[PDB]
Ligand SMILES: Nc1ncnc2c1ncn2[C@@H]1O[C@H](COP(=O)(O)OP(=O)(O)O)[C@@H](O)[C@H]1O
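The chain below stands alone, shown as structure tokens; this is the form deposited without this ligand.
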């Protein structure tokens, strides 16, 4: 069935290329750029990693005037967005450079909307208004993650009204994103393993679909998943290997860009179940996906067995579904991930509560298979 695809963001991929920062600010800003340099907390991380000094040097090299605004926190707050909008208007900022991860990127996106607007930027987040323009941002991606550096979404929390909202609109696409696989080198092992699983999970969530006539999309997703399964374990054992990091970072980009997934309906059941686990327990998202996704596959293996056979044949070289599921679990273990909830002190105590919360006001969740409350509890039991 029909689909539309568009992604506006210029990708600048590779290393030893920090002059790309100044070059691309000049490309996308009004002449005589004057940029807001935005980052997390007081920049202590990107400073010790040496990323701060390389950014500053590139700005000096191109005579770009800049004002710094730090203080972003992991769930970016509207109060800092309002402050950045004030600074942008007051100081005639022409462009925003977000140096950080998803939280810095989304805060920059929100400031960029408000800076060229004469109203309350929170209207864009509460469906009161549809933004028609942005100032424009560029991203120096310091921590890989869910792909905000090339998405049209911004997630901001109004901490006073304790409300978290999304603005998803075309003008939010960053003008450019600088992706250097070297930023992976310093991520702790456990979070790198979780991030590898996040990439595979994102692809699998689009792959297992009842949509039809998706042969080329199947092949592109399979190719990308196979690279994650092949290179993930090598990256984990050779963390400063630029080749390995490059294949995994580009696989993440392919998954997030999403053009290889055009034409198919995704299923968020595993994501939603895992969400409730991490809501109660201190469980990294990717670790929870490694536990939950194989349990979801077992439970839904009868909906469309031919697509599971194709998955395990094309990705794991076996048509045997049970053997393929074991190979998938073995893959997770090879990243250092334990695969039972009880390995983390998670008992069955809150299973029914997590199922109830996952469902909310609906009687079922999921698209590939519609799962009721007891179905979800069965999946948690498969994962216990």
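Numbering follows the first chain given and starts at 1.
Keep in mind that the form solved in complex with this ligand is not shown, yet the notes after this line are about it.
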(request) Tell me, out of 187, 303, 223, 116, which residue has a non-hydrogen atom within 4.5 angstroms of this ligand in the deposited complex. (result) 187
(request) Just give me the single entry in 94, 246, 134, 103 that has a non-hydrogen atom within 4.5 angstroms of this ligand in the deposited complex. (result) 103
(message) Taking a heavy atom within 4.5 Å as contact, would all three of 22, 24 and 56 count as contacting this ligand in the deposited complex?
(response) no
(request) Could you tell me which stretch in 140 to 148, 290 to 298, 209 to 217, 227 to 235 has residues with non-hydrogen atoms within 4.5 Å of this ligand in the deposited complex? (result) 140 to 148
(message) Under a 4.5 Å heavy atom criterion, is residue 45 part of the interface with this ligand in the deposited complex?
(response) yes
(message) With a cut-off of 4.5 Å between heavy atoms, is residue 41 one of the residues that contacts this ligand in the deposited complex?
(response) no
(message) I'd like to know if residue 183 sits close to this ligand in the deposited complex, meaning any non-hydrogen atom pair within 4.5 angstroms.
(response) yes
(request) Report whether the minimum heavy atom distance between residue 191 and this ligand in the deposited complex is within 4.5 Å. (result) yes
